[PDB]
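Here the structure is laid out as structure tokens; the discussion comes afterwards.
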Amino acid sequence: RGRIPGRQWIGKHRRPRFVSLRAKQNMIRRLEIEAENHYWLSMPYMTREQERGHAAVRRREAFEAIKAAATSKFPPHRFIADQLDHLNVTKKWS
Amino acid sequence: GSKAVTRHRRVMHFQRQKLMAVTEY
RNA sequence: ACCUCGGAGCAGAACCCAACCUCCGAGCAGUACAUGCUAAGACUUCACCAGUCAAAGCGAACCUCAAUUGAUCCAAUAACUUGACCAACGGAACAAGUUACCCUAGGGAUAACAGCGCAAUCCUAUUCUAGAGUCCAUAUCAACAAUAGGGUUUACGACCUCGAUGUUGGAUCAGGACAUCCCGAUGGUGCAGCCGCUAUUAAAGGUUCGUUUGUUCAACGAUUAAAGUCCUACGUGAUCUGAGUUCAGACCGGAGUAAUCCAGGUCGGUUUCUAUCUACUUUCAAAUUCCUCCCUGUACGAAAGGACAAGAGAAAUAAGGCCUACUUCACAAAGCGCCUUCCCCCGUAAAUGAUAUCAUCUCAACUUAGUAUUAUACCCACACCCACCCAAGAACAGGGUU
RNA sequence: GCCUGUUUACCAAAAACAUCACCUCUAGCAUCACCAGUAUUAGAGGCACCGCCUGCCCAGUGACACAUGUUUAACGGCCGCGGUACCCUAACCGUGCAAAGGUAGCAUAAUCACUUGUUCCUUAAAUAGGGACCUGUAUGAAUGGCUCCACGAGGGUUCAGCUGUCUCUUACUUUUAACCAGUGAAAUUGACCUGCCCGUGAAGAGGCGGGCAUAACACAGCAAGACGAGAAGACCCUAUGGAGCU
RNA sequence: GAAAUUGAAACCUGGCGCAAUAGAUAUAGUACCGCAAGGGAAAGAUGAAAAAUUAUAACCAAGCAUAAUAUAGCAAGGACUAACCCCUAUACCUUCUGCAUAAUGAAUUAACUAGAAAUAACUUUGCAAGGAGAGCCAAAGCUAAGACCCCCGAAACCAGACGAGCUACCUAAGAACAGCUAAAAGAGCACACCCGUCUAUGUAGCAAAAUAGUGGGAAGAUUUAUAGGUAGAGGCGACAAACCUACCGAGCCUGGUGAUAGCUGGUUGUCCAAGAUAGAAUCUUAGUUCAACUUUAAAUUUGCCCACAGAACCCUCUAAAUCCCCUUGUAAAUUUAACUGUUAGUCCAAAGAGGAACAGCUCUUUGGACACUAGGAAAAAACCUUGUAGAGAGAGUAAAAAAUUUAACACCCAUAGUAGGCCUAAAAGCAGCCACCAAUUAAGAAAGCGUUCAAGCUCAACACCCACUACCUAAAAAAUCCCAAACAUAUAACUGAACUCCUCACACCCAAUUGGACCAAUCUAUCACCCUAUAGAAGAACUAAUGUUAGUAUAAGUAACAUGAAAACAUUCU
Ligand SMILES: [Mg+2]
Ligand SMILES: [Mg+2]
Ligand SMILES: [Mg+2]
Ligand SMILES: [Mg+2]
Ligand SMILES: [Mg+2]
Ligand SMILES: [Mg+2]
Ligand SMILES: [Mg+2]
Ligand SMILES: [Mg+2]
Ligand SMILES: [Mg+2]
Ligand SMILES: [Mg+2]
Ligand SMILES: [Mg+2]
Ligand SMILES: [Mg+2]
Ligand SMILES: [Mg+2]
Ligand SMILES: [Mg+2]
Ligand SMILES: [Mg+2]
Ligand SMILES: [Mg+2]
Ligand SMILES: [Mg+2]
Ligand SMILES: [Mg+2]
Ligand SMILES: [Mg+2]
Ligand SMILES: [Mg+2]
Ligand SMILES: [Mg+2]
Ligand SMILES: [Mg+2]
Ligand SMILES: [Mg+2]
Ligand SMILES: [Mg+2]
Ligand SMILES: [Mg+2]
Ligand SMILES: [Mg+2]
Ligand SMILES: [Mg+2]
Ligand SMILES: [Mg+2]
Ligand SMILES: [Mg+2]
Ligand SMILES: [Mg+2]
Ligand SMILES: [Mg+2]
Ligand SMILES: [Mg+2]
Ligand SMILES: [Mg+2]
Ligand SMILES: [Mg+2]
Ligand SMILES: [Mg+2]
Ligand SMILES: [Mg+2]
Ligand SMILES: [Mg+2]
Ligand SMILES: [Mg+2]
Ligand SMILES: [Mg+2]
Ligand SMILES: [Mg+2]
Ligand SMILES: [Mg+2]
Ligand SMILES: [Mg+2]
Ligand SMILES: [Mg+2]
Ligand SMILES: [Mg+2]
Ligand SMILES: [Mg+2]
Ligand SMILES: [Mg+2]
Ligand SMILES: [Mg+2]
Ligand SMILES: [Mg+2]
Ligand SMILES: [Mg+2]
Ligand SMILES: [Mg+2]
Ligand SMILES: [Mg+2]
Ligand SMILES: [Mg+2]
Ligand SMILES: [Mg+2]
Ligand SMILES: [Mg+2]
Ligand SMILES: [Mg+2]
Ligand SMILES: [Mg+2]
Ligand SMILES: [Mg+2]
Ligand SMILES: [Mg+2]
Ligand SMILES: [Mg+2]
Ligand SMILES: [Mg+2]
Ligand SMILES: [Mg+2]
Ligand SMILES: [Mg+2]
Ligand SMILES: [Mg+2]
Ligand SMILES: [Mg+2]
Ligand SMILES: [Mg+2]
Ligand SMILES: [Mg+2]
Ligand SMILES: [Mg+2]
Ligand SMILES: [Mg+2]
Ligand SMILES: [Mg+2]
Ligand SMILES: [Mg+2]
Ligand SMILES: [Mg+2]
Ligand SMILES: [Mg+2]
């Protein structure tokens with residue numbers, strides 16, 4: 001008997017969706033996990049001013065390796081062995 | 001699309017409704 | 001209403017961003033021509049075409065405002081330069097009106113009737129009371145003030161629908177809903193009795209006979225209780241008619257040089273489909289109401305007048321049958337003639353009782369109208385079947401043949 | 001609308017085109033129609049008889065004279081305001097324009113919306129029909145205005161008498177209808193093992209969710225739906241795709 | 001679109017084309033259409049002996065019986081001992097953000113039909129300061145090869161020929177019109193005749209315009225037999241833009257022409273990878289060009305949140321934020337050349353406008369989702385979870401279910417100074433003014449109804465006992481019929497995806513677009529001849545374009561339908 005207007009999810013007069021208990025428990029546990037993450041992310045170690053350049057050497061070496069791998073692009077080698085053994089298509093009982 | 005202030009109450013979003021229902025007095 | 005560009009908010013603190021969002025303007029100017037020639041580096045109106053700042057040198061004494069505008073070709077001049085309101089301003093060197101006599105390739109991206117979301121336009125039911133109703137808001141009317149349901153109608157957008165959604169009525173056929181005219185049942189009244197109003201429950205029915213204007217609109221004569229409303233593709237054109245509304249002709253009046261056109265009027269203007277699919281083909285039935293007669297000329301008023309209720313008799317619509325008496329006209333079938341139609345439906349008026357020792361009809365336990373009904377009649381024998389007849393019948397099927 | 005007639009062969013057959021009466025202009029004339037004719041003739045145009053009549057204009061166009069003019073029965077046009085006695089419709093005067101500021105007639109009409117006008121009649125009941133009025137600011141004197149002798153498959157109403165259009169339909173025959181014998185289609189078909197309600201979706205569900213519904217197969221009638229069949233809609237819009245007229 | 005200029009070797013018989021929907025249309029320019037020009041299509045299959053009319057060679061598509069149906073449902077999948085019964089699941093390509101939608105196309109089978117190409121680019125041989133079989137290019141170039149860019153569908157215009165046998169007009173010779181009234185008549189009724197105002201029948205009919213009367217004329221502006229003429233930049237026209245051989249606001253045939261057309265539709269086998277749109281200009285928003293992004297192989301090194309700090313304002317507030325940013329997490333960022341495509345998109349949340357502080361309405365910015373997979377919310381397009389793919393009858397998780405229901409009340413008690421002061425006749429407790437007194441225990445010159453001026457009722461205050469003496473107000477009814485059902489009382493855990501893990505190796509789920517690898521029927525060269533490979537070419541693939549042709553089902557054995565009777569077949573009857 002009760003008819004819903006155009007689309008029960010968008011528009012003005014829409015069918016309202018409510019909350020039960022599973023959603024509340026999920027929100028509670030997610031908020032607890034996020035509060036635990038906030039607590040564990042509330043303590044540094046080097047206090048910023050003690051890391052002006054401790055692992056920059058590894059980054060520079062990795063960048064040099066990536067550059068050497070990207071600048072070493074060349075077509076593969078071409079040998080005569082393939083062109084010679086391709087003649088074995090018409091091989092008989094030899 | 002409707003404005004921010006209207007007279008027909010305007011039902012909020014699903015996530016906003018869940019947040020308001022889980023954070024009650 | 002506009003055709004180019006700038007500024008103020010939308011766009012708030014690097015930048016860009018539109019609207020038929022609301023405002024100021026600009027097609028220039030008040031004074032010296034070193035307003036000479038070269039040459040690093042950048043921004044760049046979201047591309048390009050375009051525009052702007054400037055290191056330094058030779059040359060010279062010691063530039064203000066925000067838009068403030070014009071390219072290719074060509075033309076004038078020995079030369080440096082110059083020419084459009086090309087305003088449609090990224091600018092065809094020069095082209096008006098109509099087609100209801102029109103054609104074509106397309107578009108529900110973009111329309112007229114529809115279906116769709118709110119409702120600018122309304123009723124219904126209430127909160128409160130300025131004012132009326134003789135005093136007196138709630139017998140009733142209602143504005144300046146608020147809350148809930150809908151699209152009856154005009155409009156907002158064009159979301160499937162231009163490889164086609166037939167458009168106003170009327171005949172026939174009806175279904176659903178009350179915001180109910182009535183018969184069913186209540187309370188009050190500014191209810192003295194028949195004439196009226198308010199609020200509730202109930203849809204089993206009707207919603208006439210006619211005229212003219214083209215009508216769903218609208219106008220007038222005669223009744224009862226009424227000539228009620230909305231939706232069903234503004235119900236129904238594979239059922240029916242176009243009286244106009246959607247053409248080709250013409251006439252009157254007007255605009256227009258003419259052509260042409262008219263939500264100004266009129267005369268006539270082809271209405272095509274063999275039922276494919278779903279679904280249907282008595283659902284067997286328990287009606288409704290008007291008038292008259294003793295009460296009745298009684299309560300009532302000052303007088304008009306007339307009932308509440310009961311009994312009886314005559315009558316109107318619909319349904320179930322008949323030919324023997326009236327008609328159509330005859331070894332048959334129909335109506336103009338004849339018989340019958342049987343039960344309610346939820347809103348009050350009142351004892352006792354505590355919670356609340358009074359009182360209390362009860363979304364407490366109960367008692368009265370206060371629930372008709374767990375209703376009653378057609379019709380319920382498994383097989384003799386060539387053929388004939390029939391009040392039975394499209395075939396089939398149905399009955400008789402002693 | 002003078003009449004007879006004719007026109008849209010195949011949706012309009014009409015008030016539409018024509019017809020005698022009238023009016024305007026042009027031409028001094030011999031070989032092929034005009035015309036083997038001569039200004040009582042011929043050609044080019046407008047209305048279309050008989051009765052009353054056609055009042056004005058070359059500022060604008062064309063035509064004729066090139067003498068500044070003539071022509072309108074050639075294209076077209078004939079006011080507004082203020083003062084104006086008790087009430088509309090004014091007598092009269094002033095003002096500016098121009099060719100004149102609506103002549104005669106007729107009507108709320110085939111005549112812009114107001115307009116279902118005052119009122120009488122025809123009906124008991126009449127935006128239907130007839131009669132006397134123009135604020136008709138948009139009728140109007142050959143884009144001719146009106147009665148009249150006769151007529152119209154033109155458009156509307158009515159009187160004495162009658163036809164089942166209806167109240168309320170009915171009695172019969174044929175075509176046709178139902179079966180038997182054969183030739184035997186057309187449109188149309190994505191496949192169907194094809195029911196209903198509520199709700200949703202490209203916004204109108206037999207194929208989606210939840211319910212209700214269910215042994216199978218033919219014949220005989222109606223239309224409620226499958227936005228059913230025929231025309232790439234004739235109505236609205238786009239196209240630097242066309243065509244007709246002026 | 002040339003010219004001047006070196007120049008240009010006589011004679012040899014096939015198809016890396018085909019076999020009747022291909023190739024000329026052709027067995028033939030035959031039938032058929034119009035008076036006419038002209039248009040113009042399928043044809044023929046046994047065999048050495050048809051003078052072998054024998055017995056066989058059968059087997060495959062669409063349509064049929066053999067052998068019909070058996071409840072339920074886009075015709076499908078999972079399955080078990082058995083078709084159904086159990087669960088899930090909304091046909092195909094397209095203009096479109098979104099289509100099975102009730103938008104477009106479709107009955108099948110067989111044949112045919114749709115990406116043809118330059119400058120500039122990429123790769124691989126050869127030669128080289130030279131390359132190239134004269135000509136051209138060159139500060140590492142030159143030559144050759146490979147690689148690449150659709151089909152069909154209109155109204156219009158000209159040129160060369162044809163039509164007045166139907167219809168418009170004209171010309172010469174003929175014919176037609178009973179009867180009555182005949183007023184003398186372009187008179188009347190009315191036969192035959194000319195045209196057709198209306199009703200009824202059918203619109204795939206008798207008929208690509210019919211059937212009877214009601215109709216007008218029928219001695220003339222009438223009809224008709226014969227022959228000729230007027231034709232498209234025109235003929236004719238008692239003017240309908242009417243007619244000109246069934247389709248004339250401008251004809252048929254042929255050539256221009258395979259005309260053009262921003263407009264419609266279609267566009268043929270597999271896998272993998274990459275791949276989604278700040279805008280400007282245009283007689284343009286239905287297109288085009290340039291920005292931005294996407295596609296390949298190379299060169300260079302920096303691309304992203306980065307931090308103390310930096311980014312005038314002014315009266316009145318001025319938020320959420322942004323721009324440059326070595327650390328750290330990363331492997332990505334720019335350019336080179338060829339380039340196709342997006343450039344006619346929506347909803348949700350946030351910051352604004354028009355509108356009604358209306359819409360699934362429009363205009364800008366940021367993020368997400370969709371035109372890519374699945375699950376939940378009933379079906380779902382914007383809500384949430386989730387992304388890189390299997391076999392297994394494995395396991396662990398993300399999202400994932402609504403509760404409200406309430407309107408009560410106090411038990412009793414009331415004398416008097418007075419009609420306290422005043423317009424109206426008076427207002428005596430409720431018409432207005434400052435003071436609103438005063439007696440016994442205790443009551444207002446009046447706290448709520450009925451009162452022209454008085455009476456009737458309660459409440460506050462004694463006397464008297466002494467429950468809560470009050471969680472404040474917050475519900476609604478339209479048209480086919482309301483919708484799954486149920487449980488307030490065995491212990492919070494469990495169920496629940498394509499997310500993760502187990503044995504395997506991992507390229508095997510985006511629109512347009514781009515790149516990389518295979519596949520097959522023809523001919524040719526090389527090997528094999530019971531059927532395949534290496535290389536070159538293509539008329540190289542059809543579930544679709546109201547695509548063309550031939551066969552055949554549903555519609556449908558549906559509509560239409562014939563012949564008067566008896567009979568010796570010599571006849572008779574209406
Ligand atoms: Mg809906
Ligand atoms: Mg720039
Ligand atoms: Mg300087
Ligand atoms: Mg322009
Ligand atoms: Mg421009
Ligand atoms: Mg016309
Ligand atoms: Mg015409
Ligand atoms: Mg068309
Ligand atoms: Mg509409
Ligand atoms: Mg009052
Ligand atoms: Mg639309
Ligand atoms: Mg349409
Ligand atoms: Mg269709
Ligand atoms: Mg149709
Ligand atoms: Mg009621
Ligand atoms: Mg009537
Ligand atoms: Mg209708
Ligand atoms: Mg119908
Ligand atoms: Mg019909
Ligand atoms: Mg007629
Ligand atoms: Mg049937
Ligand atoms: Mg069906
Ligand atoms: Mg006449
Ligand atoms: Mg006709
Ligand atoms: Mg004729
Ligand atoms: Mg006719
Ligand atoms: Mg005339
Ligand atoms: Mg005159
Ligand atoms: Mg009038
Ligand atoms: Mg009448
Ligand atoms: Mg006549
Ligand atoms: Mg038969
Ligand atoms: Mg869908
Ligand atoms: Mg439905
Ligand atoms: Mg369907
Ligand atoms: Mg179309
Ligand atoms: Mg254009
Ligand atoms: Mg053009
Ligand atoms: Mg042209
Ligand atoms: Mg032409
Ligand atoms: Mg030469
Ligand atoms: Mg051939
Ligand atoms: Mg051929
Ligand atoms: Mg077969
Ligand atoms: Mg099932
Ligand atoms: Mg395809
Ligand atoms: Mg299309
Ligand atoms: Mg659309
Ligand atoms: Mg379809
Ligand atoms: Mg379409
Ligand atoms: Mg079809
Ligand atoms: Mg002739
Ligand atoms: Mg004629
Ligand atoms: Mg005569
Ligand atoms: Mg006659
Ligand atoms: Mg005419
Ligand atoms: Mg073409
Ligand atoms: Mg375009
Ligand atoms: Mg929108
Ligand atoms: Mg839109
Ligand atoms: Mg008292
Ligand atoms: Mg699992
Ligand atoms: Mg995974
Ligand atoms: Mg991918
Ligand atoms: Mg080919
Ligand atoms: Mg091919
Ligand atoms: Mg095929
Ligand atoms: Mg068809
Ligand atoms: Mg086909
Ligand atoms: Mg049939
Ligand atoms: Mg038959
Ligand atoms: Mg016969």
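FYI, nothing fancy with the structure tokens labels: chains A, B, ... in order, residues from 1 per chain, ligands from 1 as they appear.
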Legend entry - chain C contacts to chain A at 9 Å (only C-alpha atoms (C1' of nucleotides)) as a ChimeraX atom specification: /C:116-118
Inset, instruction - Identify, counting only C-alpha atoms (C1' of nucleotides) and all ligand atoms, the protein, DNA and RNA residues located within 9 Å of ligand 7, and give them as a PyMOL selection string. - result: (chain C and resi 101+248-249) or (chain E and resi 240-241)
Inset, instruction - Enumerate as a PyMOL selection string the residues within 12 Å of ligand 69, counting only C-alpha atoms (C1' of nucleotides) and all ligand atoms. - result: chain E and resi 105-109+112-113+266+542-549
Keeping only C-alpha atoms (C1' of nucleotides), write the selected residues as a PDB file, in the first residue's frame.
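So selection-v2.pdb came out as:
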```pdb
ATOM      1  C1'   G E 105      17.192  -5.328 -36.054  1.00  0.00           C
ATOM      2  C1'   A E 106      15.957 -10.292 -36.330  1.00  0.00           C
ATOM      3  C1'   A E 107      12.003 -17.330 -38.524  1.00  0.00           C
ATOM      4  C1'   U E 108      15.887 -20.663 -39.850  1.00  0.00           C
ATOM      5  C1'   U E 109      19.328 -22.893 -43.228  1.00  0.00           C
ATOM      6  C1'   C E 112      27.656 -13.207 -51.000  1.00  0.00           C
ATOM      7  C1'   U E 113      28.825  -8.577 -48.445  1.00  0.00           C
ATOM      8  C1'   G E 266      26.116  -2.581 -39.514  1.00  0.00           C
ATOM      9  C1'   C E 542      29.165 -13.362 -40.238  1.00  0.00           C
ATOM     10  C1'   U E 543      24.266 -14.579 -33.758  1.00  0.00           C
ATOM     11  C1'   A E 544      22.458  -8.950 -36.389  1.00  0.00           C
ATOM     12  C1'   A E 545      22.797  -3.501 -41.151  1.00  0.00           C
ATOM     13  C1'   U E 546      13.248  -3.391 -41.749  1.00  0.00           C
ATOM     14  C1'   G E 547      21.208  -6.522 -45.820  1.00  0.00           C
ATOM     15  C1'   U E 548      20.237  -9.684 -51.734  1.00  0.00           C
ATOM     16  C1'   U E 549      18.813 -14.708 -53.558  1.00  0.00           C
TER      17        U E 549
END
```
Inset, instruction - Would you list the contacts of range 63-72 of chain A as a PyMOL selection string, taking every protein, DNA or RNA residue within 9 Å and counting only C-alpha atoms (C1' of nucleotides), but skipping same-chain residues closer than 2 positions in sequence? - result: (chain A and resi 58-61+74) or (chain E and resi 299+301+331)
Inset, instruction - Dump the neighbourhood of ligand 66 as a ChimeraX atom specification: all residues within 12 Å, distances computed on only C-alpha atoms (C1' of nucleotides) and all ligand atoms. - result: /E:112-115,151,267-268,538-542
Legend entry - Straight-line distance linking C1' of residue 381 in chain E with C1' of residue 510 in chain E, stated in Å to one decimal: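 Those two atoms sit 17.1 Å apart.
Identified as lying at most 6 Å from ligand 58 when counting only C-alpha atoms (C1' of nucleotides) and all ligand atoms are the residues residues 262, 286 and 287 of chain E.
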Inset, instruction - When you get a sec, could you note down which chain E residues fall within 12 Å of chain A, using only C-alpha atoms (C1' of nucleotides), as a VMD selection string? - result: chain E and resid 123 297 to 302 307 to 308 326 to 332 347 to 348 358 to 360 377 379 to 384 398 to 403 478 to 483 492 526 to 528 532 to 534
Inset, instruction - Go through A:16, A:75, A:2, A:44 one by one, measure the shortest atom-to-atom distance of each to chain B using only C-alpha atoms, and give the residue with the smallest value. - result: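 Closest candidate: A:16.
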Pick out the chain B residues within 8 Å of chain E. Count only C-alpha atoms (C1' of nucleotides). Give them as a PDB file with N, CA, C and O atoms, in the first residue's frame.
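part.pdb was written with the following content:
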```pdb
ATOM      1  N   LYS B   3      19.621  21.814  -0.632  1.00  0.00           N
ATOM      2  CA  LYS B   3      20.514  22.735   0.051  1.00  0.00           C
ATOM      3  C   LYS B   3      20.908  22.173   1.416  1.00  0.00           C
ATOM      4  O   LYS B   3      20.520  21.067   1.802  1.00  0.00           O
ATOM      5  N   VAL B   5      20.207  23.719   4.374  1.00  0.00           N
ATOM      6  CA  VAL B   5      19.153  24.031   5.332  1.00  0.00           C
ATOM      7  C   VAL B   5      17.816  23.937   4.611  1.00  0.00           C
ATOM      8  O   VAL B   5      17.580  24.660   3.634  1.00  0.00           O
ATOM      9  N   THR B   6      16.945  23.050   5.089  1.00  0.00           N
ATOM     10  CA  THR B   6      15.617  22.876   4.521  1.00  0.00           C
ATOM     11  C   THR B   6      14.625  22.680   5.661  1.00  0.00           C
ATOM     12  O   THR B   6      14.995  22.665   6.839  1.00  0.00           O
ATOM     13  N   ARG B   7      13.348  22.528   5.306  1.00  0.00           N
ATOM     14  CA  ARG B   7      12.285  22.403   6.295  1.00  0.00           C
ATOM     15  C   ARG B   7      11.848  20.967   6.547  1.00  0.00           C
ATOM     16  O   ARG B   7      11.253  20.696   7.595  1.00  0.00           O
ATOM     17  N   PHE B  14      24.110   7.697   5.960  1.00  0.00           N
ATOM     18  CA  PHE B  14      24.103   6.451   6.721  1.00  0.00           C
ATOM     19  C   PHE B  14      25.235   6.417   7.741  1.00  0.00           C
ATOM     20  O   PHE B  14      25.025   6.022   8.894  1.00  0.00           O
TER      21      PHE B  14
END
```
Sorted by chain and rising residue number, list the residues of chain B at most 8 Å from chain A (counting only C-alpha atoms), each with its closest atom pair and distance in Å to one decimal, as a Markdown table.
```
| residue | atom | partner | partner_atom | distance |
| --- | --- | --- | --- | --- |
| B:1 | CA | A:11 | CA | 7.0 |
| B:2 | CA | A:12 | CA | 7.6 |
| B:10 | CA | A:12 | CA | 7.3 |
| B:11 | CA | A:16 | CA | 7.0 |
| B:14 | CA | A:17 | CA | 7.0 |
| B:17 | CA | A:18 | CA | 7.5 |
| B:18 | CA | A:19 | CA | 6.2 |
| B:21 | CA | A:19 | CA | 7.3 |
| B:22 | CA | A:24 | CA | 5.8 |
```
How would the residues just picked look written out with N, CA and C atoms as a PDB file, in the first residue's frame?
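Final output, saved to selection-v8.pdb:
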```
ATOM      1  N   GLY B   1      19.575  17.550  -6.105  1.00  0.00           N
ATOM      2  CA  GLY B   1      20.350  17.987  -4.959  1.00  0.00           C
ATOM      3  C   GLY B   1      19.678  19.089  -4.166  1.00  0.00           C
ATOM      4  N   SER B   2      19.629  18.918  -2.849  1.00  0.00           N
ATOM      5  CA  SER B   2      19.017  19.886  -1.953  1.00  0.00           C
ATOM      6  C   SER B   2      20.083  20.765  -1.307  1.00  0.00           C
ATOM      7  N   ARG B  10      15.271  16.420   6.429  1.00  0.00           N
ATOM      8  CA  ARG B  10      16.295  15.854   5.556  1.00  0.00           C
ATOM      9  C   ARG B  10      17.118  14.800   6.286  1.00  0.00           C
ATOM     10  N   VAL B  11      16.855  13.525   5.989  1.00  0.00           N
ATOM     11  CA  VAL B  11      17.563  12.440   6.656  1.00  0.00           C
ATOM     12  C   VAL B  11      19.048  12.507   6.321  1.00  0.00           C
ATOM     13  N   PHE B  14      24.110   7.697   5.960  1.00  0.00           N
ATOM     14  CA  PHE B  14      24.103   6.451   6.721  1.00  0.00           C
ATOM     15  C   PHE B  14      25.235   6.417   7.741  1.00  0.00           C
ATOM     16  N   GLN B  17      24.428   8.899  10.503  1.00  0.00           N
ATOM     17  CA  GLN B  17      23.392   8.358  11.376  1.00  0.00           C
ATOM     18  C   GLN B  17      23.953   7.279  12.293  1.00  0.00           C
ATOM     19  N   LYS B  18      24.824   6.414  11.766  1.00  0.00           N
ATOM     20  CA  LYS B  18      25.460   5.404  12.606  1.00  0.00           C
ATOM     21  C   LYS B  18      26.315   6.047  13.691  1.00  0.00           C
ATOM     22  N   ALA B  21      24.064   7.485  16.323  1.00  0.00           N
ATOM     23  CA  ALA B  21      23.400   6.453  17.108  1.00  0.00           C
ATOM     24  C   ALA B  21      24.361   5.749  18.058  1.00  0.00           C
ATOM     25  N   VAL B  22      25.631   5.614  17.673  1.00  0.00           N
ATOM     26  CA  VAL B  22      26.603   4.963  18.545  1.00  0.00           C
ATOM     27  C   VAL B  22      27.167   5.924  19.586  1.00  0.00           C
TER      28      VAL B  22
END
```
